[PDB]
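# Give me a 3D structure for the following:
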Amino acid sequence: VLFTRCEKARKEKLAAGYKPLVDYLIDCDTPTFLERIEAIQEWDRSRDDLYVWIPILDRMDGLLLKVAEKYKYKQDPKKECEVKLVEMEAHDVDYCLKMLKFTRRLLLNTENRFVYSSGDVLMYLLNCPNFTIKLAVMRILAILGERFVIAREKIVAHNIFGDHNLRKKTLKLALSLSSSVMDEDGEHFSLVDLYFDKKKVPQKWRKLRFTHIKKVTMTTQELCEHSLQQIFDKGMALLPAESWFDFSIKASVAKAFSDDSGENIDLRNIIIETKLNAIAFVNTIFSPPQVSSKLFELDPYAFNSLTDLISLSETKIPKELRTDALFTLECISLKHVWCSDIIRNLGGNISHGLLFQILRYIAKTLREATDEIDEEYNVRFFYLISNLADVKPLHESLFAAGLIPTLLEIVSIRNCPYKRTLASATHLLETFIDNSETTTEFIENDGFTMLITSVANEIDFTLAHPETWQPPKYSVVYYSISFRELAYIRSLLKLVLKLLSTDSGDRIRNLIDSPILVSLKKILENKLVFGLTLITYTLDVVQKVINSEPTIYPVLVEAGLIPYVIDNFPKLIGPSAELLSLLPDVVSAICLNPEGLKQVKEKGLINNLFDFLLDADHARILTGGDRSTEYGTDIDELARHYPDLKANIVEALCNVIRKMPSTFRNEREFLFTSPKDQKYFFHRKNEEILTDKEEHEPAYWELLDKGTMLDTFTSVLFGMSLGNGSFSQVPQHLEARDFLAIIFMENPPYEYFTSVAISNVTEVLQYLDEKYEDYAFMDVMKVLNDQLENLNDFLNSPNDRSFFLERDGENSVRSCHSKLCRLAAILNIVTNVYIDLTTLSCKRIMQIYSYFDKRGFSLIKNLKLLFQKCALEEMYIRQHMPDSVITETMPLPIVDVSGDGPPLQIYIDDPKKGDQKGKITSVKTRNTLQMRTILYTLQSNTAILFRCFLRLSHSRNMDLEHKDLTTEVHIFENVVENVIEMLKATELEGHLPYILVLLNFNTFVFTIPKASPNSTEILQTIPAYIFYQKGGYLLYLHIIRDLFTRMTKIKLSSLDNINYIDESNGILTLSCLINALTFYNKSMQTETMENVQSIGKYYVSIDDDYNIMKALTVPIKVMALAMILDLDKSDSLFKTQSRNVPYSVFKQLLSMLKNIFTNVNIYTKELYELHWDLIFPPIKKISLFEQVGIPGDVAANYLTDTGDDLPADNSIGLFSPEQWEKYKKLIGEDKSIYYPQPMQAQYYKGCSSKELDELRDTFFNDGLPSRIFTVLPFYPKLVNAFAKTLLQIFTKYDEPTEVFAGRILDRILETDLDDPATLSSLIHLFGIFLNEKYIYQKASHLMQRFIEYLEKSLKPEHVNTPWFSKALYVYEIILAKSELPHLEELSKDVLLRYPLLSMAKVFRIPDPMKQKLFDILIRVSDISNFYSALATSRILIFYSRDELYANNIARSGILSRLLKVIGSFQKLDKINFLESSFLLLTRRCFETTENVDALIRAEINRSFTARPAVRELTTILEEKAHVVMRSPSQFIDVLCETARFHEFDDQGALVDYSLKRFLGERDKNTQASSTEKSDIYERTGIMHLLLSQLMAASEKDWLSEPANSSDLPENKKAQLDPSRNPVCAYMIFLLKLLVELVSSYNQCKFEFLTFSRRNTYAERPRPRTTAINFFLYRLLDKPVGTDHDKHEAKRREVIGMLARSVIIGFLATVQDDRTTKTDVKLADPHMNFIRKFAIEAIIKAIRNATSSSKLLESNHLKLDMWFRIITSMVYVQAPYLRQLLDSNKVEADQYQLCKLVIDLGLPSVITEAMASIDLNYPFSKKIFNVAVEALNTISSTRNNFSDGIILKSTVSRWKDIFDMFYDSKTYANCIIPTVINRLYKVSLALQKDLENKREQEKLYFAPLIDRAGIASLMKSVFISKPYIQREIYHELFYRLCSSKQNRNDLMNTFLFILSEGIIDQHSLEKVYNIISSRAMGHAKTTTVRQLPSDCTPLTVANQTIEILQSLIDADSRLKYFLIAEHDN
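Numbering: from 1, shown residues only. The relevant structure is shown in the block below.
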């Protein structure tokens, strides 16, 4: 299909290869093409990728696709007529298959078959009644399936995999004639008998037959009339069109069986061949678990009779059939499923079997090798035998019995003219020999000293006969002899190479004493006749041995090997990957002794090591694909361990670099010209465009012959750059000048600025800069300046036309763009590497200072001009092109997509449009695609460049001065003014987008880059001062006014909801306004400004400081108030009707007012200017005054050490005689203007204070402060903000404050309630006003009047109107603040001792009024206002602190509708809050005084007993949030008489808070009469309501996912969420409710027990069973299973898990005061009665569906889960329920839930349930698995006789209620005094005096199951079981012992099964039945139980002996019984 960028270059280069061959076929007529194909049977070269044949593939597809449509065989996913039963014509058979025939040959020996694409056409070639074509098609399909799972491929499902009209087709093709049969008078009639002269065909098959519901059949001799075509034609008519496929399958089979024609046997061969191929494909695609019975079950006699064909010779079987059978097993053995079975069927565990015998036969064949010598069949063998050996435990049984000594005789043959196999056999031996074990056996058979004597003969014979050497004919080669011999020698060399690395010493010695060393040289002698790979292995052999042996060199010195290598180094290298990456170590060896080292220093070795990178071919192969960097890393190693070579290496780098500039030739092009109009761009928005078909982008920088060189060389340099090395010296020998030369070529194309090379050098130059600072900075900046200056044509052209589109169509265009790409590259490199804020050094910016000082400000103007022209340039193209295309050529989608960065916002399609790329493109697009691409990056870089030197010291606070600082301000100024001139020009009308871009740029540069964690921006201060004082904000002020009128005049508009900035005149017309006002505000804010406090020690010639932040704030504030007032005077705002303003501009202006009245602390008279030019001792002094005599020190000395006020120059004292008569040159300068500009001019009048404090009053008494009520009706949304401005206004001035709220309310009553317009927002205004702290105290009279108003006229029907939520919100505030812990104050000599600080006041509402509200509140109906219900729940929850109110809530019916309101709205977000509040309310209901006391006592007692004087009161009380507020009185009472407060203090007045530990004296308390009253409460209908709602929701089709989810596969985090399908969340919510309530509150169970559908009455009506049954039986009744759907599975699993959770929690024990104790054991008198009912429900379900086999077929699903609940019950553990239970209380739980289970004998129950489970059923294993652990769980505990769902607990749920409302975690102060009334009064007085005073005066092997069950348990260990499972059986059997009554019988069962059972086939059954008869005790073998078609005695014995070993490995006492006399 397509590959990554770099690989495409290699593919294209290789495409040149096979140029003659590809042309040799394509440029030919089709008849020749077929004749050409029938010549390439064999392949004499290496593997050739399909990509080169791609055109051949397409030609074949076209050639045959026509035939496919000729017969309409082309099927469709829409049309389903299939095909008429006509088989493809005889003549075309060869034509159709021959082309396919070659396809198999190609696909076999080729590589990377992935890119094959014509696969889908094969299905269209399916549906072919003829078989031969079918056989070939399925054969190609088999090879393709190999491709699918050769290693791993299950992708491109739509191609052939997903298509479901193929899986069934191939399955039907399989299972046709199946395998051998069960004929009566015959064992099996193995298919192989078809050819022997013995048992005849099973005539049964010789009869036509077919039925579904149709049916047809005809006996043989009835098919002799109709032909195949006639048979098919007659049949089709009756049966459906969708049918006839099986008819085609079986009719031809019957016809073949109908006679004995000579071709008939060929037909049978064809059909069987197709069958094995189909089996291969089926196993290829289908998973083992399915095929286990999907196909194998239908045909069980498959593996048998398969190995019957692959042995050898057997001159009856078709060799083709043999090969096909070989192939299938190769596919099967890929996985670890059928391996062992294959071995057993073959016999690869005992010698003289099959495997180890056909090898003997092959050895016999090769020894003579004169007939029937096949090798394609042989290689597959060694392949397979390697395939088995991967499965580690399946080749130990191959090493044993003798394998190596059988292959070893296949090798060692001499004069073999069949050297093909030996390569594969050697490869197999290499693969097999891995461990330390087999190596020893190999040698001891004298294999070593066989290869090193075969290779010598091979090599010497190689040069003997030139009549050999028939090399390739269509390829690029380096050997030119013959491929096979090369492969053979390569394999032998590989094997020796591997074996050289075990012990060495022996191998080296054996190597010396042999004619191999002299033979090896012959290879290097002439590579023109051997090839290039061989030298790789030869040199590796040489390199490792010398390293292995240091003292072996001299022997190598002679024989001519080494001297030949050194004197020929530049005679071996070539374009091979491994070879090139192998040089560094080889030279690391030749220099292991001083002679070699000296020769290397001489002889020019190193120099040749480098170089060869200047030719494209050599540097390509490495391609820097992580291969090249290895070269660099290695090179350092050589120098790393050889210091003497340090010098020479660097010289190589220096020389190579200097030569590289040479080639660098302009090669291809920049752009193209349009096919018409001869223009490079467009002219009109409307125009016609042609289209082409290729990559949407050109993708240059590759195939250029220079980019590859740059990539490779830069990669090598980067690799060597790592760590350290000689690279640190290249700067020494070289100079920075030339280094730059290699980068920044003359003519780079557009994309050059995006490649690894630039990125790679981006890292290298950092390293050099990190050490050698003053190396490559000034020269780089010089190059930048020179390149900028070299551009003058368009850089100064007029700024009102398209320069590029002004000279289009002429060659001058290329010249223009050329330099642009180079400039882009230069900027890209410079911004990243040198100029960037992240990299700032105190020694760095000094370079900038010195550079600008010595050069000046020259590039600044050029940069500004470039920025102006660029943006301006990128508009006319937009304004003259078919805009639709603008999205096609959109440039942004390239690396560095950080939209943060000024220049791009014109999107003409929504951001989520998609890709929409490459939809339409042509030559015009490509030119435009580039022309814009450069400009974006150029502009982006320019802005960062502008910022970088706009911070200087302030970034690091370097504290400059003198020359350093002096320039700083000059850079600032020469930076600020430049940008203004851009804005001054470029008038508004005509070009708006430029205005937006420029404003964005200003906001960009003037704003500090993203800094701080969240602080968006700290506005630059000194730049702001320069901007203003030079004239700033007055440029915007005019733009603001123009646009303001430009918008208000617009034709009500709907702008509230908008996004996706576009060219709709409106949005642009306003888009500026947000940008402008935002920036304007940023200045005024006292926080979004950096502190640059100066003037002090900056301008010391004046008074005051006029701090540049606080003072600068003033003039801006003075400004813009005039425009506010002017607009107000006009009919603009704060007047009129309707809204004529954008929604956000109010938010903006409103914030300004808050700022405009934000006085911080300042009053100003005058401000002075920072005019560095005259700074401290100025520059003008040296310019003129202290010029003669240059008194630099003296003049400065006088100025500083004495009066610092330049008095000018005269000749009064200490002056030269010539000073006067020469100084007389001046009129006026720096005398009165010496002080910088104090104030030049302003906007209206004055700007330094005192314009404020007089302009405020005009507005203060003009508009909103008395006119909001008129405007507010027209702007309700922002009411949130209106108050803020009013509060700010009223802050500074006098304090009417609450008078405003009073005037409000006086307007509220007059609201004329009927109107839902003013009241709705007005109450919210009041509330937000009331929320404020300081305005609370003096508002009591207002709150009561509000209460009185609310009481009457409320009309509880008033719930369906907007003016309800906010009213209840204000009431919520009032109430919550009201009913705090009631106010309490202490007395009676409290002994304050630093008394408490006291607390503020509150307003406790009157008692009776609340009663009315509640009586007016709890009555509603048909609520449908979401927010209203949200408010109702919130208000109601607070009253539940009482009890009788809770009773009324229960018996109110409000919940009965508030619940269904949940289902009314489920797609909204805040349903979360709604459900949380409702759950808290419901949980609060059942709460009763009984539970509260126990839970509180548990909480406090735990606190004063743990250990993280303890428990500081001021800390615990703050963490008792969820506590106390529930019932402060009860918390006091329980905590009163305990904790015995200590620390009475010396005087008795407390000086501490922490109390004493748990009560030191304790107390006695009692309480009862609730033990029987814990339940009852007459069943408040809550539980019935919830259960009924769940029952209703159950049958609501909670399986179908929502109709559509749009781009669900384009999600963000994870799909398959259980949410959506609102019912699921609804049911999830209800299950949460139940699983919390039932386990939490005790009384809830009774209701869950006494369910019904009619709410029957009377005391304890009757314990029913309609709820447990529902949770077990009814739920999960949905019939589903429509194929595979993860959504369905996930939903089912979640709901089932929750169901199990609830049922398990049913029986759990509720947490209570039973904590922090020991427990022994007790039975809950009530719960226990519930326990038995719970279990009793389960046991009945077991008996049912067990008997009545039919009821045992449709109940396993229920049964599956069922047994699991028992496990999860005996375990006190549930999927989610882990933190809702009392852990220390789980002791008795297991005890009781084991004893009760034993009473009914559930173990005894299960085994009976386990019995009767027939093994033949597929679920057999499944259901056996679940129970076995259950018994183990029961026994294990018995040893003691002596997705993202969140759930919480009781104490935890209170915290949510505490924090949702009032949050301040200090309200305990409301009760802190209260506890004091008894905290110490009688605690630290009575106990202390009574104690302290007087103290100082004196100072079972029980039967666990039955005798017929364990026998039934022995029904185990018979099914064909895998490993791991056996573990649990061992644990059970070992633990099940100690039952003395069973220990005797347990084993006695087995020994019998051994002695009598495993003797033959007809013995096992006669004990399997007996053990069965011992399970369902009745008679003795009154009926036969069939065996499960498996379990041969070997398997039973295997499992049985395994288990026997297991048992005897555990029981110290078992051995004794093992050896004895039974005593009968």
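# Where do the helices of the stretch 901-1050 of the chain begin and end?
In the stretch 901-1050 of the chain, the segments counted as helices under DSSP state H, counting those that start in this stretch are 923-948, 953-956, 962-984, 993-1005, 1022-1029, 1034-1048.
# ok, now which ones touch the closest residue to residue 423 other than its chain neighbours?
Leaving out its chain neighbours, the residue that sits closest to residue 423 by Cβ to Cβ, 6 or more residues apart in numbering is residue 491, at 4.5 Å. From N, CA and C alone the C-beta is placed, and that goes for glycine too. Each residue near residue 491 by Cβ atoms under 8 Å, 6 or more residues apart in numbering is listed here: 422, 423, 426, 427, 430.
# could the helices of the stretch 901-1050 of the chain be laid out in TSV, adding distance to residue 645 and mean neighbour count?
Below are these laid out as TSV (distance: least, Cβ to Cβ, whole Å; neighbours: other Cβ atoms under 10 Å):
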stretch	distance to residue 645	mean neighbour count
helix 923-948	43	20
helix 953-956	43	14
helix 962-984	46	16
helix 993-1005	52	19
helix 1022-1029	56	20
helix 1034-1048	67	15
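# Distance to residue 369 for those helices - can I get that in a markdown table?
Listed next are those as a markdown table, based on distance: least, Cβ to Cβ, whole Å:
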| stretch | distance to residue 369 |
| --- | --- |
| helix 923-948 | 63 |
| helix 953-956 | 84 |
| helix 962-984 | 90 |
| helix 993-1005 | 83 |
| helix 1022-1029 | 93 |
| helix 1034-1048 | 97 |
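# The most centrally placed residue in the chain and residue 544, how far apart?
Residue closest to the average C-alpha location in the chain (Cα atoms, centre = their mean): residue 1613, at 6.9 Å. Noted for residue 1613: a distance of 52 Å to residue 544, by Cβ to Cβ, to the nearest Å.
# Excluding chain neighbours, give the residue nearest to the residue of the chain most remote from its centre in space.
Here the centre of the chain is the reference, and by Cα atoms, centre = their mean the most remote residue is residue 1217, at 85.7 Å. Leaving aside its sequence neighbours, residue 1217 sits nearest to residue 1211 (Cβ to Cβ, 6+ apart; 7.7 Å).
# List phi and psi for that neighbour.
Reported as degrees, to the nearest 10, the phi and psi values for residue 1211 are phi -110, psi 40.
# my guess is it contacts residue 1220, does it?
Yes: taking contacts as Cβ atoms under 8 Å, residue 1211 lies within contact range of residue 1220: 4.0 Å.
# one step back: minimum distance to residue 454: which of the helices of the stretch 901-1050 of the chain has it?
Proximity to residue 454, assessed across the helices of the stretch 901-1050 of the chain by Cβ to Cβ, is greatest for helix 923-948 (61.1 Å).
# okay, the angle between that closest one and helix 993-1005?
If you take axes from the mean of the first three to the mean of the last three Cα atoms, to 10 degrees, helix 923-948 sits at 40 degrees to helix 993-1005.
# one step back: just curious, which of the contacts of residue 491 is nearest to residue 1543?
Distance to residue 1543 across those (Cβ to Cβ) is lowest for residue 430, with 85.0 Å.
# Against residue 444, how distant is that closest one?
19 Å.
# more neighbours, those two?
Counted by other Cβ atoms under 10 Å, residue 430 and residue 444 do not tie: residue 430 has more neighbours, with 16 against 11.
# tell me the contacts of the more buried one?
Applying Cβ under 8 Å, 6+ apart to residue 430 gives the contacts 491, 494, 495, 498.
# List of residues touching stretch 1913-1924?
Counting by Cβ under 8 Å, 6+ apart, 1807, 1810-1811, 1815, 1820-1821, 1824, 1828, 1905, 1929, 1949-1950, 1953, 1968, 1971-1972, 1975, 1988, 1990-1991, 1995-1996, 1999-2000, 2003 sit against stretch 1913-1924.
# buried subset of the residues you listed?
Buried members of the contacts of stretch 1913-1924, scored by 16 or more other Cβ atoms under 10 Å, are 1807, 1810-1811, 1815, 1824, 1828, 1905, 1929, 1949-1950, 1953, 1968, 1971-1972, 1975, 1991, 1995-1996, 1999-2000, 2003.
# hmm, back to that, out of the contacts of stretch 1913-1924, which are inside helices?
Secondary structure defined by DSSP state H assigns 1807, 1810, 1820-1821, 1824, 1828, 1929, 1949-1950, 1968, 1971-1972, 1995-1996, 1999-2000, 2003 of the contacts of stretch 1913-1924 to helices.
# Ramachandran coordinates for the residue nearest to residue 423?
Torsion angles at residue 491 (phi, psi; degrees, to the nearest 10) stand at phi -60, psi -40.
# let's number from 44 now, not from 1
Got it, first residue is 44 now, which makes that one residue 534.
# measure it to residue 432 for me?
Plainly put, residue 534 is 18 Å away from residue 432 if you go by Cβ to Cβ.
# Please, where are all the strands along the chain?
Applying DSSP state E to the chain gives strands spanning 250-254, 258-262.
# Which secondary structure elements does the last one sit against?
Think strand 258-262. strand 250-254 (3 or more Cβ pairs under 8 Å, 6 or more residues apart in numbering; DSSP states H and E).
# how many neighbours does the nearest residue to residue 1690 once chain neighbours are set aside have?
Ranked by Cβ to Cβ, 6+ apart and with sequence neighbours excluded, the top spatial neighbour of residue 1690 is residue 1626, at 3.5 Å. Look at residue 1626: counted by other Cβ under 10 Å, it has 24 neighbours.
# doesn't residue 1687 make contact with residue 1626?
Yes: at 6.3 Å, residue 1626 counts as touching residue 1687 under the criterion of Cβ under 8 Å.
# and for those two, which residues touch both?
Common neighbours of residue 1626 and residue 1687 (Cβ under 8 Å, 6+ apart) are residue 1680.
# can you give me the helices in the stretch 494-643 of the chain?
494-505, 526-542, 548-555, 560-568, 576-591, 596-600, 604-609, 620-623, 626-633, 637-644.
# ok, residues contacting stretch 1998-2007?
Under the contact criterion Cβ under 8 Å, 6+ apart, stretch 1998-2007 has outside partners 2009, 2010, 2030, 2034, 2035, 2036, 2037, 2039, 2040, 2043.
# Farthest pair within the residues you listed?
Spatial extent of the contacts of stretch 1998-2007 (Cβ to Cβ) is set by the pair 2009 and 2037 at 17.5 Å.
# Wait, residue 2011 touches residue 2028, no?
Yes: if you go by Cβ under 8 Å, residue 2011 and residue 2028 touch, sitting 6.5 Å apart.
# circling back to that earlier point, quick one: which of the helices of the stretch 494-643 of the chain is nearest residue 1895?
That would be helix 620-623 among the helices of the stretch 494-643 of the chain, by Cβ to Cβ, at 64.2 Å.
# tell me which residues in the closest one are buried?
So helix 620-623, judged by 16+ other Cβ under 10 Å, has buried residues 622, 623.
# swap in stretch 847-866?
847, 848, 851, 856, 860, 861, 862, 863, 864, 865, 866.
# What is the neighbour count of residue 706?
Around residue 706 there are 12 other residues, counting by other Cβ under 10 Å.
# what's the answer for the one 5 residues further on, then?
The tally of other residues near residue 711 (other Cβ under 10 Å) stands at 11.
# Right, I'll leave it there.
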